[PDB]
Structures are given as C-alpha cells and as structure tokens.
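Chains as they are written, first to last, in the entry's author numbering: chain A, 10 to 66, 70 to 84, 87 to 194, 205 to 257, 284 to 299; chain B, 12 to 28, 35 to 44, 50 to 106, 123 to 142, 154 to 184, 206 to 226; chain C, 14 to 86, 118 to 160.
As structure tokens, then:
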C-alpha cells in the first residue's frame, strides 16, 4: 500500500453488462490528525429504487454503521485511504501540491479503477465544498466519454453520493478506532490543540498520524520544536567540492 | 549536550607500535610524537546539513579529515620573509635536514632550488589527477592546486 | 589537544545519518523512536521522513583504507567508531556529483600530493 490504501468489493455480475451510475464523496478533509479517505458507489440504473431508501437528506455513528451493513448483489464499492504521512509528504515536498489537487486526483483514480474493472458506467455524480464549475470541467476533460456531474449538495440530492459518503465516513471512523484521547481531530477543537502541544518532540516533532502540512501543525512546531532549515528555507575546485581549510579547531 | 566532531583519521592511528596544534597557515594541524609526522585538518562545510550520531543530533554536518603533510610547506614561512607559537616542535623532527635540501648548522633560502622542487610537485599532482580522474589542460589545473599551500605562487 | 590510541582501539560501533537539513541545537534525540522505525527499504535505496518531508537515503561507506571516528572533548576522546553512514536527500537520493561524494575522493588524491 505504501502511502495510500485501496480496499474494494468484488464487481457484481449485473454491473459489467447493465448501465451503471457512479457517486464520489470524501471524509476527513479538515482534521490535522488521522488519514483522509475517498469512497465510490456503483449500481445499475434500474436498481436506483432500492438505494432511494438508504439516502440522507446528519446521521449518527450507530446509524451510519447500520446503513453500511445493508449496502454490503447489485451495490459495489471501492475505498482510497491516504495516510497522514502521505498528505504531509504530498504538500511539504519541494513542489507544492495543495490538498484541493490532492483530493481531486484521488477522485479521478477510483473512477478510472471502476472503468478498468469493467463496470458499465454511463454517468458520474460528485460531492464538493464550494465552486464546482472548475471541478466539473476538469473531470469532464479527464472522462470525455461519460456525463460528469459535480454538485455541493450531491449527498442530499442523489442516493449514489449519500451511499458513497456513508462508506467514506465509516472507513474514516474504523481507521481512527484501529489507532486508538485527542477529541475530534479538527484544528478548531480546543481539546485537539491541547493534544498536539503535549506530543511535540524538539528534534522530530509530531508522529506519523499528524498531518504536518496544516497551518495549525506548522505553527506549534515553530514554538516548541527546534529550528530546522531546509534547501528552500585553485579556489574553484574547493568551492565546487564544498571544502575549506580548518581554523575552527 | 556537548559538541561532537566527525573525523576521518588514517588507519595507522589505531595501533601504538598525537597532538593538535594551531600553526600559521602558509597561504589547526595534527602532529605525531611517537611516529613523528605532520598532518593537516580539512572541514567539509555544506549549507543545510546535520548528523544523527546514534541517539543524538549534531548540526552543521561537518566532516573532518586527517590528511598527511610534507613539512617543506609548513617550515617555508620561517625562511620566506628573508627572501635570500608552536613552530618550535614543528621543525624539530627526525629526517628534517635531508628534507631541507630542496627549498633551502647554517641554513640559507634559495629560489632556484625552490623553483625546481615546485615544478616536480605539479608533475606529481598531474598523475593523481589521472589516477583519481578529476574533471594538456592539466598544466594550469595542477599549478592552481599547490597555490593553496604557498604564498610564493603569485610570483610562480 | 592530545589523545591516546587505547580509546580509538576500544570504541563501540555507531549509527550515523547525514540529513540534507540543519537541526540548529545539538543534544539527545530519540532516533530509534521516530527515524529508525520509519526507514523503508526500497529499490532506490531507503525511504524515511522528517518534519513531514519525504527523504531518499543511500548507504555511504568510509573511503578504502580508512575508519570513521566520533570525538568529544586538553583531550578529545573517541566515544565511537564506524565503517559507513546513511546519506539522505530531499525527495530524491543525492546524485553522484554531490558535494558529500566529492570530499570522500580527497584522501586518495591527497595520498599522492604529499608523496615523497
């Protein structure tokens, strides 16, 4: 798996022949702690009546586990959990690769996976946070053969997106329960701010489970942890070799 | 904690079968008493580097080298000023008089002998540049190497 | 400064890593707690991470006929001895024409410069 991790359900016989519909929704985009997950849901077009009962608009942790059990013959899923170390390395690398472009390349990957597995996908639904105009145009150019639809209210608009959101939320919960007292994980939480400060190493800093790339994670390090400077913040022979005559000792 | 130094010393310094002194640069030195030999110190200082020694950190990323030295370059400043601190122990070593008969009871500095001796080192460094393969054009390159160990190179 | 050969002959082995970043303040660090369990053996050397940044490593050995020593302070005793150190680079392993690789070629060149 290395950085990310893909967990998938076997393709049901109906999906490869009958025309299908895809839904994309995320979980764990804002916390400083833990990994980010991305989940997709696919069902044949006539079987949209069955998913009309397991659609939201919010739901409690016990209800989301119950909804995930029912989805688990016609409904297929695929996950993509990106580790907090991978997120830290993606953004903190010599070339800035922002969370928006990190989340959206994970979305296009799972859609390609479904097309690589043999699912007869004809239309794709996507859930966003803010302006979908720039997001729709990018995924329409990536997948020209299929009708791409991006909405911010997608989870509350269509059952395919709500089912893909329940799958992303349960996987995010299962992963943090596997690691387990911090609180929620979000930067705004005062109990989360209290946990980070109590887990700072002067040389190293925070552990792998902490997304360093966050403005909240970068600020604390500047106060408690030691100052670390990186590559981006004849006489010719030795200057080229980086050598000089000793005088310090 | 305390300051740590990452050194690269010659293999023969392990067996007993040494002192560090600050001698004036011809253009820190290590000297042996039991073996009688002079060595120079060279530090590798690169921008943005730090060591991870066992279970401790050491900023700077300094790499020290204990490389040998021909005393003829070190003792040269004593007779260069005439033209025609720890310096005392530097000269008083066995086989110095026979070594002196290249540059200089009585001792006098000569330019004609020094010019012939420096011309041999250029031809001696040209083979090292051919053995270690450093990137004929070697003439000015080999001349520039001895220029960092002597002030008379401006006249040469 | 002056020191005997007995400390140089009875020095315990050490683990060394050359980071491409500078860690301003010297002192103890829990390497075996954070850095060591993070190290991953790959096809392009080793891979670990520091302060959320991906690092690519390569094992660099002491030049032939030499031995590495770690000195602490007149008398400066040798606390440890080594045969190799792990060289690290940001995002990609340090190239063959690196400043670190160049300085190691020096004693081989220096052996013929100061020759009799």
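Beta carbons: idealized from backbone N, C-alpha and C, even for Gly.
Query: Under the three-state DSSP convention, the category residue 208 of chain B falls into; Result: helix
Query: Contact belief for residue 38 of chain C with residue 48 of chain C at Cβ below 8 Å, rounded distance in angstroms; Result: The pair is not a contact, with the Cβ atoms about 17 Å apart (cut-off 8 Å).
Query: Pair within 8 Å by beta-carbon distance, residue 80 of chain C and residue 123 of chain C; Result: no
Query: Reduced DSSP secondary structure (H/G/I, E/B, other) of residue 29 of chain A; Result: strand
Query: Cβ pair residue 70 of chain B, residue 255 of chain A closer than 8 Å; Result: yes
Query: Chain-ordered chain B contacts of residue 81 of chain C [CB-CB under 8 Å]; Result: 17, 18, 19
Query: Exposed unless 16 or more other CB atoms sit within 10 angstroms - verdict on residue 127 of chain C; Result: exposed
Query: Closer than 8 Å at the beta carbon, the chain A residues around residue 139 of chain B; Result: Ordered by position in chain A, no residue passes the 8 Å Cβ test against residue 139 of chain B, which lies about 28 Å from the chain.
Query: Beta carbon proximity, residue 62 of chain C to chain A, threshold 8 Å; Result: yes
Query: Collapsed DSSP secondary structure at residue 40 of chain C in the structure displayed; Result: strand
Query: Given residue 61 of chain B as reference, the closest of B/78, B/23, B/67 once Cα atoms are compared; Result: B/23
Query: Neighbour list for residue 55 of chain C in chain B, Cβ cutoff strictly below 7 Å; Result: Under the 7 Å cutoff, chain B gives no residues; its nearest Cβ is about 19 Å from residue 55 of chain C.
Query: At least 3 beta-carbon pairs within less than 8 Å: the segment 44–59 of chain C vs the segment 237–249 of chain A; Result: no
Query: Neighbour flag for residue 47 of chain C against chain A, beta carbons, 8 Å; Result: yes
Query: CA nearest to the CA of residue 91 of chain B, picked from C/160, C/41, C/74, C/31; Result: C/160
Query: Where residue 77 of chain C falls: helix, strand or coil (DSSP); Result: coil
Query: Strand pairing of residue 158 of chain C, partner residues [DSSP]; Result: DSSP, once it has assigned bridges, lists no residue as partnering residue 158 of chain C.
Query: Inter-residue Cα distance where the pair is residue 82 of chain B and residue 42 of chain A; Result: 32 Å
Query: Simplified DSSP state of residue 102 of chain A, which is helix, strand or coil; Result: helix
Query: Local conformation of residue 2 of chain B per DSSP, three classes; Result: Because chain B is modelled from 12 through 226, residue 2 of chain B falls outside the range shown and cannot be assessed.
Query: Residue 182 of chain A classed as buried or exposed, judged by whether at least 16 other C-beta atoms fall within 10 angstroms; Result: buried
Query: Closer than 9 Å at the beta carbon, the chain A residues around residue 66 of chain C; Result: 102, 103, 106, 107, 108, 236, 254
Query: Rounded Cβ spacing between residue 236 of chain A and residue 65 of chain C (contact assumed at less than 8 Å); Result: 3 Å
Query: Assigned exposure category for residue 220 of chain B - 16 Cβ within 10 Å defines buried; Result: buried
Query: Endpoints, the beta strand (DSSP E) within which residue 4 of chain B is located; Result: As displayed, chain B neither begins before 12 nor continues past 226, which places residue 4 of chain B out of reach and without an answer.
Query: Member of C/78, C/130, C/156, C/155 whose CA lies at the smallest distance from the CA of residue 144 of chain C; Result: C/130
Query: Rounded Cβ spacing between residue 51 of chain A and residue 135 of chain A (contact assumed at less than 8 Å); Result: 7 Å
Query: Residue span of the beta strand (DSSP E) that contains residue 147 of chain C, given as start and end; Result: That residue, residue 147 of chain C, is in no beta strand (DSSP E); its alpha helix (DSSP H) goes 143–148.
Query: Cβ separation of residue 58 of chain B and residue 132 of chain B, assumed to be a contact under 8 Å, to the nearest whole Å; Result: 6 Å
Query: CB contact below 8 Å: residue 133 of chain B versus chain C; Result: no
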